[PDB]
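> pasting the first bit of my complex, frame unchanged:
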Amino acid sequence: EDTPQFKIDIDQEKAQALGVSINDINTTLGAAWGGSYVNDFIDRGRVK
Amino acid sequence: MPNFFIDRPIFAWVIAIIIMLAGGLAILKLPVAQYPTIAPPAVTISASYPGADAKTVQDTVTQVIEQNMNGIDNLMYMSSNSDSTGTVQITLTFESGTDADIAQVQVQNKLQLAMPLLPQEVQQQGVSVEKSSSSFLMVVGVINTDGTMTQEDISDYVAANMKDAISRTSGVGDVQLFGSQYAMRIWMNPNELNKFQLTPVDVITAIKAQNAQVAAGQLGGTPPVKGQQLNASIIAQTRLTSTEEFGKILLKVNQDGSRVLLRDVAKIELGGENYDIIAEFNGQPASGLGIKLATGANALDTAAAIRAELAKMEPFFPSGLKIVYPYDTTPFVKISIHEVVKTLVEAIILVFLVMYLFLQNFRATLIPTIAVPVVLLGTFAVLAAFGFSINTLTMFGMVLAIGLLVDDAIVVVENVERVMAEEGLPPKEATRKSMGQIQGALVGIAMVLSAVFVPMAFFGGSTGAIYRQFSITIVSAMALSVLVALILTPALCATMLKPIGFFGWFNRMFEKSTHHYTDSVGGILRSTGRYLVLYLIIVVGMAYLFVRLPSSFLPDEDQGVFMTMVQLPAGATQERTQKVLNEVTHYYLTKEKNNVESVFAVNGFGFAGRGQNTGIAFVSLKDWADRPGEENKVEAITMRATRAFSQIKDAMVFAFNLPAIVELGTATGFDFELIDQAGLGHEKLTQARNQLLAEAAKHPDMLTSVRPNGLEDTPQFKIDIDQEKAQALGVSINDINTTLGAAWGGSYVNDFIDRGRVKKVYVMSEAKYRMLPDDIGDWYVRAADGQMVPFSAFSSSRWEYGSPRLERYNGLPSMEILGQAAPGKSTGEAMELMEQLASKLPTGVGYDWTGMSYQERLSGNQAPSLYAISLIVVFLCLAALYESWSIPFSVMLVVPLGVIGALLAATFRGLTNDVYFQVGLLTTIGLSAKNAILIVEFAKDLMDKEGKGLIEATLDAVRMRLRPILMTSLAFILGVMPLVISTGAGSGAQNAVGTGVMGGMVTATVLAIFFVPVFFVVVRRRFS
């Protein structure tokens, strides 16, 4: 069934007024509230 | 076997009913198409690199893809062309019989491993691998008579809703669009860029950054804290939708504080993805839709369903938008099928009439009218079993086999009736003995005709697929006819037959003619020796006619539509080619009002390569009912159009008719590839091509109209960037190149979403700022600091010649030559002459044969070997039938008698030696051989069983075989007479079949009745 959703409105002009790029804004929003797969590592001989 | 079914009529009826039910089910479940798959499977890779010339496209895409096209099974060859529009077109042709699905997926998976090597723009545009099939079914057209919306608006309307509904029709799911949907066009302006110290790179970066989808996770997502109760998704910034939203995109903020938007610096609109193609329809804008046909689908049903779906969609259309059909030959297929079925039913009716005319027995006249349809339905069932379809070739094979079916059904009943008359026996015993006399002859005939028809389905190459249809159709028809004449016809004769004033006179005159014929045959057996010389003269004349008759592939016929190609000189623009395409459509809609129904004029899509100086206008004529006379046919219209277009000299306009198969044609023509194999270069290969063309022009007796299938070098504007001067001024190379390409070639940056459909976003200079070399002075590129260095400072301009279309064959640079053999000489020695001429070229230049000359070269010698095998097997079957090694020669000497008549008929009517003529010739010689088999079998049976003398036996044999031969010949001539006299509505095939068949049958019937007796007598006396 239909679900409520949370919407974030980002004002581009208000962001560039303060000196923050939209790219790192999107990166910090996505990486904080959602997962951010960075790269791999080796745990016990397996790539995770 | 016939004895078994005479005692069991119910079993024969059950077998006939089973055959009829199977045939009816097959007819209800057989795909229908105009032609089957003939060309070998081909897979085409298309790539787009917008803004690049032929050489950049080649070096960056074509070579990279070709060097990775290895490890693919059954590859015959590959050939690519790179166009100056930024298009890669690579066609890989495979062996015949290889399923194209596995070949296409192999090509796709082999290309997908070369994608990381391609430029980012080529990957971003996409590389499409698709099967080059000839399933082209119809061309829907959507026009705008109201004149409100442009071609782009029609194209977007077609793509948005009509395309999806059409692609879900019962039938095909593959469709193509003669246009492109909307795209957000940002037309920059160099003056505003210079005023605000901006560059197209800044615009591209701003558009990329401020129109994108970003992931944002969700609130309450796992792993959650203890006691969490709410879980909602998070929606961050989404893609832009409206033109105004793109207008608000901020490029930079000014020192004082003012805001710079795209609207201040560029014009934002909803344009087309590309403007290279402008489609028209009788002078007004239109958008097309090319519709193919799915495999195993009914063409008629598919077309009807598509038309019904378009009619259903019609009510919810905006103002205007009439659905037109500039190119559609569904009615051609339906008309041809109706003509074939009419020919079959008329043949059955004529069989009824002839049987009642000769045999005044109503019950007997009808035994063949309920037996031939059984064989026809069995043939349909066999075609369904073998996986074939209902197409022109199969139905013409059926109308060719109808004569032999009639031949069998008439012979059986005629001999049964003759036995009933002469012997005076009840129907059961009469048909029992009658079958005894002709049952071994009917089994030998089946074997001989199988031996003469089967070894033509094994021809290699593209034409082998054409011959296989006729071969399998006729051989199945003959096997089923023999089975029916052994099973059902004896039972019908046993049961139905009843024991026994114009018709009286007819009987009297036929008896007098039979007596005169017997006297003549008796006379010519005493004067034997002159007739052998006459037969030798006939053979020599047959050889002369065969070596004199011109050859072809298939008769081009009036399909109701034809094309016109316009080719302006190099460097011509689109508006210059649009004027000529207006001079052409005005002529067609003015000087041909009563014959032309519509003209579809595609601008920029030429025949020898897309561009701006090329175009094609294809013309749909009215129905064949509205075009009476030979002067209203496509052949008589195209010549008039070409004569009228000879006057316009600024372009090269040529009107022509479509071939029978779009994938084939020019049977006398040849395709030649001139390859360089030492890295010589483009210009050395061009010089070699020019030298070879001059040498070919020095041989007018053999090679006619040899031309290069390609484009000559054209001027190009070279911009040379000084690296030291650019670095001194502090301007980066990747900025100069980026601004140049984005301004003059365009740049697809990202996608947006409007009306629930993803569309592209293009940035390009406004038209007025990218038209002339001096417009280069309008563009400034920002240096390392806030400067705006002019292009002029660090660059120089030049004009130099370059190739607008570079083609490669099998991975090496090549040039294409199209040639035609001389009218009086075949295309085999023309290839030899071309090889001899190419052998005298500069070192490092080799050659190759491609397309249909590739098939000829390797698969052009199957026919003599297969015919020799056929003749050997025919000898074996005949010797087995006659229990003698010499008797089959008498049967085999009826071949020139049937060939000479077909040759004479072909020469008299001006016809050529096509596939239809060859299959009709085989049919005629098969029927004549069958008659000879029956006559010789009867004669030798009279010799053996009754101990009669040679002359007496061979005279009684022809006396009792005269009537069936005349009956079957008259029935077959009257059956195929309308095919000879037929004009329009696919009459080329009908004439090509009927003329040859009728001439051969007439001559064979006239000659065999006199030559088989003397042949048998000479064989019996010279030997033994």
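Cool, the structure landed. Residues are numbered from 1 along each chain as shown, chains lettered A, B, ... in the order given.
> what sits against the residue in chain A that chain B sits nearest to?
Scanning chain A for the residue nearest chain B gives residue A:34, at 2.5 Å (criterion: CB to the nearest CB). Heads up, the C-betas are built off the backbone N, CA and C, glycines and all. By CB atoms under 8 Å, 6 or more residues apart in numbering or on different chains, residue A:34 lies in contact with B:215, B:216, B:217, B:218, B:221, B:234.
> Closest one of those residues to chain A?
Here the nearest of these to chain A, counting by CB to the nearest CB, is residue B:217; it sits at 2.5 Å.
> Pick out the residue nearest the middle of chain A.
residue A:30 (1.3 Å; CA atoms, centre = their mean).
> my guess is that one contacts residue A:38, does it?
No - judged on CB atoms under 8 Å, residue A:30 makes no contact with residue A:38 at a distance of 12.0 Å.
> So which other helices or strands are in contact with the longest helix anywhere in chain A?
Scanning chain A for the helix with the most residues, using DSSP state H, yields helix A:22-33. Using 3 or more CB pairs under 8 Å, 6 or more residues apart in numbering or on different chains; DSSP states H and E, the elements in contact with helix A:22-33 are helix A:12-18.
> Now the helix it packs on: buried residues?
By neighbour count on 16 or more other CB atoms under 10 Å in any protein chain shown, the buried set for helix A:12-18 is residue A:12.
> neighbouring contacts of that helix?
For helix A:12-18, the external contacting residues (CB under 8 Å, 6+ apart) are A:21, A:22, A:25, B:210, B:250, B:253, B:259.
> Identify the farthest-apart pair in these.
Farthest pair in the contacts of helix A:12-18 (CB to CB) is A:25 and B:259. Separation: 19.5 Å.
> now residue A:40, what's its secondary structure?
Following DSSP: H, G, I helix; E, B strand; the rest coil, residue A:40 is assigned to coil.
> That one contacts residue A:48, correct?
Yes - when contacts are counted by CB under 8 Å, residue A:40 is listed as touching residue A:48 (6.7 Å).
> which ones are touching residue A:47?
Applying CB under 8 Å, 6+ apart, one finds that residue A:47 lies in contact with A:40, A:41.
> For it, list each beta-bridge partner.
Beta-bridge partners for residue A:47, by DSSP bridges, are residue A:42.
> And for residue A:40, the neighbour number?
Counted by other CB atoms under 10 Å in any protein chain shown, the residues lying close to residue A:40 total 9.
> then add chain C to what we have above:
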Amino acid sequence: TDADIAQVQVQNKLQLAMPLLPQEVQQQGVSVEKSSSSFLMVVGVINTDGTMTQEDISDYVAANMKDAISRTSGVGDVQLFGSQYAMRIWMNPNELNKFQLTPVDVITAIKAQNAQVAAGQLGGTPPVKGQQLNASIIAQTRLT
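Adding chain C to what we have so far:
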């Protein structure tokens, strides 16, 4: 089992891992081949005049007679006993240090000045009304 379906399935699964590989691996080229372990044959090429070296012969073989052999029906794999030509740039640490340059600077300059760039057209569509000439614009080409 038929090797066609096996190969298409293997490539279908490998296209998932393809984005996860390093860019260098993708540039070199990942290949999926259905063939035997042992060589069907070995075709050697020599020079009787003694002018061509091992490098020249191997480059000629790879450039002119390896691609065509690879497309021969039934040939599942070709191994070149050598390597074709390439622009080898042997950079000197001492002279790089003398001019305060680094290998990354050399790579950047080569990428910049060895490009095959698309510069567009003169009078390309959509053209302004009254356009008369249409010509391609060629800016930069691969070094040769």
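> mind redoing the neighbour count of residue A:40 now chain C's in there?
10.
> In contact with it, which residues?
A:47, A:48.
> change it to 10 Å
A:46, A:47, A:48, C:20 (CB atoms under 10 Å, 6 or more residues apart in numbering or on different chains).
> cool, residue A:5 as well?
Counting by CB under 10 Å, 6+ apart, residue A:5 makes contact with B:218, B:219, B:232, B:233, B:234, B:235.
> same check, this time on residue A:6
Contacts for residue A:6 (CB under 10 Å, 6+ apart) come out as A:33, B:216, B:218, B:219, B:220, B:230, B:232, B:233, B:234, B:235, B:236.
> ok, now with 6 Å
Taking CB atoms under 6 Å, 6 or more residues apart in numbering or on different chains, we find residue A:6 in contact with B:219, B:232, B:234.
> do the same with residue A:30
Residues in contact with residue A:30, defined by CB under 6 Å, 6+ apart, are B:214, B:215, B:216.
> from chain A, which residue is nearest to chain C?
residue A:40 (8.3 Å).
> Skip the chain neighbours and tell me the closest residue to residue A:30.
The shortest distance from residue A:30 to any non-neighbouring residue, by CB to CB, 6 or more residues apart in numbering or on different chains, is to residue B:215 (4.5 Å).
> Could you give the backbone dihedrals for that neighbour?
Residue B:215 adopts backbone torsions of phi -70, psi 140, taken as degrees, to the nearest 10.
> got it, and the one 5 residues further on?
Here is the backbone geometry of residue B:220 (degrees, to the nearest 10): phi 80, psi 10.
> Then the one 5 residues further on?
Reported as degrees, to the nearest 10, the phi and psi values for residue B:225 are phi -70, psi 160.
> here's chain D, drop it on:
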Amino acid sequence: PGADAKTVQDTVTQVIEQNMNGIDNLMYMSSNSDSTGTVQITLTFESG
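Next up, chain D placed on what we already have:
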């Protein structure tokens, strides 16, 4: 990832389903677009 069902449907599902035509022996085709961004299209072919 990062697109809800509505913005992923017309983005990927509608453009893939429209090209899923012309395949022989196909009985029906269903699809679903989750809010996570994952999209699943199932084409069920004729038996045999």
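> ok chain D is in now, so what about the contacts of residue A:34?
Listed by CB under 6 Å, 6+ apart, the contact partners of residue A:34 are B:215, B:217.
> 8 Å - rerun?
Listed by CB under 8 Å, 6+ apart, the contact partners of residue A:34 are B:215, B:216, B:217, B:218, B:221, B:234, D:1, D:2.
> got the buried residues for stretch A:28-40?
A:29, A:30, A:33, A:34.
> Kindly report the same for stretch A:21-28.
Quick answer for stretch A:21-28 (16+ other CB under 10 Å): A:22, A:25, A:26.
> Contacts only, for the first one.
So that's residue A:22. A:10, A:12, A:15, A:16, B:209, B:210.
> out of the residues you listed, who's nearest chain D?
Closest to chain D, out of all of the contacts of residue A:22 and judged by CB to the nearest CB, is residue A:10, at 14.0 Å.
> Quick check: residue A:48 touching residue A:41?
Yes - taking contacts as CB under 8 Å, residue A:48 lies within contact range of residue A:41: 6.1 Å.
> shared neighbours, those two?
Listed as contacting both residue A:48 and residue A:41 by CB under 8 Å, 6+ apart is no residue at all.
> any idea of the angle the longest helix of chain A forms with helix B:200-209?
Helix A:22-33 and helix B:200-209 meet at an angle of 20 degrees, taking axes from the mean of the first three to the mean of the last three CA atoms, to 10 degrees as the criterion.
> Convert the C-alpha atoms of helix A:22-33 to CSV, please.
The C-alpha coordinates for helix A:22-33 follow below in CSV (Å, rounded to 0.1, in the frame of the first residue of the first chain):
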residue,chain,number,x,y,z
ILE,A,22,26.1,20.5,-4.3
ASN,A,23,28.4,17.5,-5.0
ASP,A,24,29.6,17.1,-1.4
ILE,A,25,26.1,18.0,-0.1
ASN,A,26,24.8,15.0,-2.1
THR,A,27,27.7,12.8,-0.9
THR,A,28,27.2,13.6,2.8
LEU,A,29,23.4,13.1,2.5
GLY,A,30,23.7,9.8,0.7
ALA,A,31,26.6,8.5,2.8
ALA,A,32,25.0,9.5,6.2
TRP,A,33,21.4,8.3,5.9
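> Distance from the chain centre to it, please.
In terms of CA atoms, centre = their mean, to the nearest Å, the centre of helix A:22-33 is found 3 Å from the chain centre.
> what does stretch A:34-48 give?
With CA atoms, centre = their mean as the basis, stretch A:34-48 stands 18 Å off its chain's centre.
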